[PDB]
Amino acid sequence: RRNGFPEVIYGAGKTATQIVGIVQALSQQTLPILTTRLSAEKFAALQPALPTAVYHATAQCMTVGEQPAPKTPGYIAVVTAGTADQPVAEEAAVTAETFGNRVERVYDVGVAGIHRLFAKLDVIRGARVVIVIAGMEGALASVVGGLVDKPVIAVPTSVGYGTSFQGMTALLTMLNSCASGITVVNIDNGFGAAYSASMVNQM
């Protein structure tokens, strides 16, 4: 509309054919098209029909449309606790970049080896908004929130077994931090966090 936000397809409840119909209908509008939670088998069914589509395997995201050059004099930090958080981390990063934001990835800096976090603390503190992504104990959000004076958006992930409860423990831990200045989204919702981060970053 009057806002520059791209169209977003939730490719989970839609089939690969439904998506091609939704994409082809909105390919005559404007902006770019972002599709989240799009399986690798679904993009195979998409590659002939949408030959201009770019698939980001790790993020399970698909973008059709030239990525916008960065539009704001700042960057968003996407901070991850472990490599298992990378899929939802890349979902947020691809979302933030599709929305026109510079993204600095600070991956695999969980508190199990907290020295890695302080080595990249200069990068995290320089961002305008920090997205912290973690599963299991999700303790990294609390540590980051107490160390940066910038808006932090915490993303709980469903990574882990046992008492991780498909992300519920990470969610409860991060909500109990809220070390102030932390705000939380639903489990695995890297897109939603990047949506909010983009609005904060683009002020």
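Residue numbers here begin at 1 and follow the sequence given.
- Of the two stretches examined, 135 to 143 and 52 to 60, the record assigns the greater average C-alpha temperature factor to 52 to 60.
- Averaged over their C-alpha atoms, the temperature factors of 183 to 191 and 20 to 28 are higher for 20 to 28.
- The entry lists C-alpha B-factors for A45, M168, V159, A154, and the highest of these is at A45.
- Looking at the C-alpha B-factors along this chain, the one for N176 belongs to the lowest third.
- The PDB entry assigns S196 a C-alpha temperature factor belonging to the lowest third of its chain's modelled residues.
- Sorting the modelled residues of the chain by their CA temperature factor places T72 in the highest third.
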